[PDB]
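Next comes just one chain, in structure tokens: the form deposited in one PDB entry.
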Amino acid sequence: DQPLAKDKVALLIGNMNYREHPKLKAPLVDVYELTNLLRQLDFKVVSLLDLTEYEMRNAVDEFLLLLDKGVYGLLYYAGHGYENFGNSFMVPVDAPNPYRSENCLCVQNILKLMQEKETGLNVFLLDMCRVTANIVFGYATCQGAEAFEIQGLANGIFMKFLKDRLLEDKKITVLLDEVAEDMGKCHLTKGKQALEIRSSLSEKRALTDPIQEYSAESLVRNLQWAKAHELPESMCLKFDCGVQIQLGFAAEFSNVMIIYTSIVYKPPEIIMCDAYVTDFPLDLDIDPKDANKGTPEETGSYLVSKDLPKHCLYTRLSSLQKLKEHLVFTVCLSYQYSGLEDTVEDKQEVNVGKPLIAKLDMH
């Protein structure tokens, strides 16, 4: 008979900007594409980029609390990893050089924590660069870039093959076995990408299984998702000179938001009219040289450009998990009247609350 999911939840972590290790590029595109594919399969997804050790530990611990009886969970990690004494570790962006196991997340410890859950299906996919829980563990490993090799937005090897099979209505073990076979058919993969599948799945479970809504347990999961996806409402700021500026917000990842400013009305007597954002909380570590760009791409934002209106100034806030209080910042306006030489200045402070992952209370 048809297997069903009580619910479907997923946590995706992509680490790229390492303080003491080579920077990676594939986790950005891989996490974004996997988020959209899992959304088509009706997963409630939280996707985080560039997490420190404590951030990673807190995110995994909170994901594990959602794993009630019958729930389908998926944890995906892309970034640096390593093996030591038969144990594999996920490397956070603040890890020292050389790698110390105390500063990394032990994959085996997470599998043991998952083993204690009564989940319908638990999928743990590691895309690293070097009474049953129904756990399926996909361990993909690739070599680090060659220092003297020639290096757009390309997918990593594993995600390239996984995205072609992930939407299939087949048992997840069968599906991953097909992925391993596709990679074995390619000669370019033969020495640069490996895949090991560990499974204790005893039932025909698939990511496409339907979901079985007003219970407290169900509401807790919906509420965590809803908070993590909450963007500030758009604001129309009215200045004394008559100029009106709209402040817009778009989501790229659960901890990455794009802010844009647009001139909605400029009185005829005003010619120059620059609106820009400033005074961001110090926790976010925003470099002002990268804020107020003429295009979203100049802020390092390539994936949500479709959902952004043109003729704005864009700013990328990419460390929202470090925001411990409300997001308070300033919108400055620098303008010049027709027939006059001096530039006039004005500003207003805005409070847009706790956006996206920050709504879950960061500590």
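In this text, the rigid core denotes the largest set of C-alpha atoms whose superposition between the two forms falls within 1.5 Å. Note that residue numbering begins at 1 and tracks the sequence as displayed.
The same protein has a further form, the form deposited with a partner chain bound, not shown here; the description that follows concerns it.
Interface residue remark: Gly79 is counted as part of the site for the partner chain in the entry with it bound, having a heavy atom within 4.5 Å. Heavy atoms of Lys192 reach within 4.5 Å of the partner chain in the entry with it bound, making it an interface residue. The closest heavy atom approach of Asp287 to the partner chain in the entry with it bound falls outside 4.5 Å. Contact between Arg19 and the partner chain in the entry with it bound is not found at the 4.5 Å heavy atom cutoff. Heavy atoms within 4.5 Å of the partner chain in the entry with it bound belong, among the stretches 220-228, 233-241, 142-150, 272-280, to residues of 142-150. Just one residue from the list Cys241, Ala206, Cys186, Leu237 crosses the 2 Å line for C-alpha shift between this form and the one not shown on a rigid core fit, and it is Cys186. Superposition of the core reveals a Cα shift of less than 2 Å for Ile263 between this form and the one not shown.
Core-superposed comparison between this form and the one not shown: the CA of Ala145 exceeds or equals a 2 Å shift. In the core-superposed comparison between this form and the one not shown, the C-alpha atom of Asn97 has shifted by less than 2 angstroms. Whereas the shown form places them at one spacing, the Cα atoms of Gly14 and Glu146 lie at least 3 Å closer in the entry with it bound. Expansion of the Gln143-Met16 CA spacing by 3 Å or more is recorded in the entry with it bound, set against this form.
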